[PDB]
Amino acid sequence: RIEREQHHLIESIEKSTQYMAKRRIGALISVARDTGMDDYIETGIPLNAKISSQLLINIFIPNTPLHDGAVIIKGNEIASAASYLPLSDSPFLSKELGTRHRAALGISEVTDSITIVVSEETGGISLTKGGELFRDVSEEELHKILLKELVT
């Protein structure tokens, strides 16, 4: 049950971000954990949808209603899309990185959530946790981190 759901969540994130990275589609996916993110869920469009790679991909297609903003995953659902996330004010964040990176950093400073970013400029995948940014991670590295952090 829970472990299978968590592995399916990881697979869904791996497959969708690989798809988007290849096509350089910007994406922002925040996975809630012990810290509650209900307040940011309430800022987006509610989906309460089953997790799948296909739905994640369709959400972030450019020039669509749901593509701007964050997807937030809570429990075993895609809770919301087009959600707002607080932007980090850190001066350490590279000027090369965009708004999605700053939003992922900002939510990671005030929650224990794991947030994944796909850069629309480079296709690189980045991850934020606990106020730190892990830039342009490999597929294997993404896999290891998600296995460690999302499987309990």
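Residue positions are given as counts along the sequence shown, with the first one as 1. Between two forms, the rigid core is the largest collection of C-alphas that superpose within 1.5 Å.
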{"query": "Greatest C-alpha divergence in 7 other deposited structures of this protein once each structure is fitted on the rigid core, 95-103 or 61-69", "finding": "61-69"}
{"query": "Candidate residues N48, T99, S30, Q54, the one whose C-alpha B factor the record puts highest", "finding": "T99"}
{"query": "Third assignment of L9 from its chain's C-alpha B-factors", "finding": "lowest"}
{"query": "Third of the chain's Cα B-factor distribution that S94 belongs to, per the entry", "finding": "highest"}
{"query": "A70 - which third its CA temperature factor falls in, relative to the rest of the chain", "finding": "lowest"}
{"query": "Ranked C-alpha temperature factor of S119 among modelled chain residues, by third", "finding": "middle"}
{"query": "Assigned third (lowest, middle, highest) for the C-alpha B factor of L87", "finding": "highest"}
